[PDB]
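In: please find the sequence and an experimentally derived structure below.
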Amino acid sequence: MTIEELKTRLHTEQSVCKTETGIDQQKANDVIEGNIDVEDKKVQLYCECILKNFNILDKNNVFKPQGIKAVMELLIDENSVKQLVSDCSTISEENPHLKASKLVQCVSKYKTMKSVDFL
């Protein structure tokens, strides 16, 4: 959008979602750095919140590839985004909250939220 703007939007969404979930600052820092404790209830809620706020996840927890493509296209090369979408779209997680932390874990192997601050 401007990388400076994506960085700001990411900070805003991390702030709003931390308040909405009550996730500890340490656990939120771990998610931001790409160290996702997938089984943690508050990590799941925080991941779900960030994804829904970027419309990557719709209100029914339906995965929207357009949402993740829009974001990722600004950080990584075209073919890597295609690879990301294939990997992330095919995650076998039947639980929606566990799907959300696993989704953020999948995206994070390509680009962590913290890495965007470098940028």
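Out: Arrived safely, thanks for sending. Numbering: from 1, shown residues only.
In: okay, buried residues for the longest helix seen in the chain please.
Out: When the chain is scanned for its longest helix (criterion: DSSP state H), the result is helix 3-21. Applying a neighbour-count criterion of 16 or more other C-beta atoms under 10 Å, the buried positions in helix 3-21 are 7, 10, 13, 14, 17, 18, 21. For every residue, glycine as well, the C-beta is placed using N, CA and C.
In: need the contact partners of it.
Out: Helix 3-21 is touched from outside by 1, 23, 25, 28, 32, 42, 45-46, 49-50, 53-54, 71, 74-75, 113, 116-117, 119, with contacts defined as C-beta atoms under 8 Å, 6 or more residues apart in numbering.
In: what about 7 Å?
Out: Around helix 3-21, the neighbours that count as contacts under C-beta atoms under 7 Å, 6 or more residues apart in numbering are 28, 32, 42, 45-46, 49-50, 53-54, 74, 113, 116-117, 119.
In: filter those down to the buried ones.
Out: 28, 32, 42, 45, 46, 49, 50, 53, 54, 113, 116.
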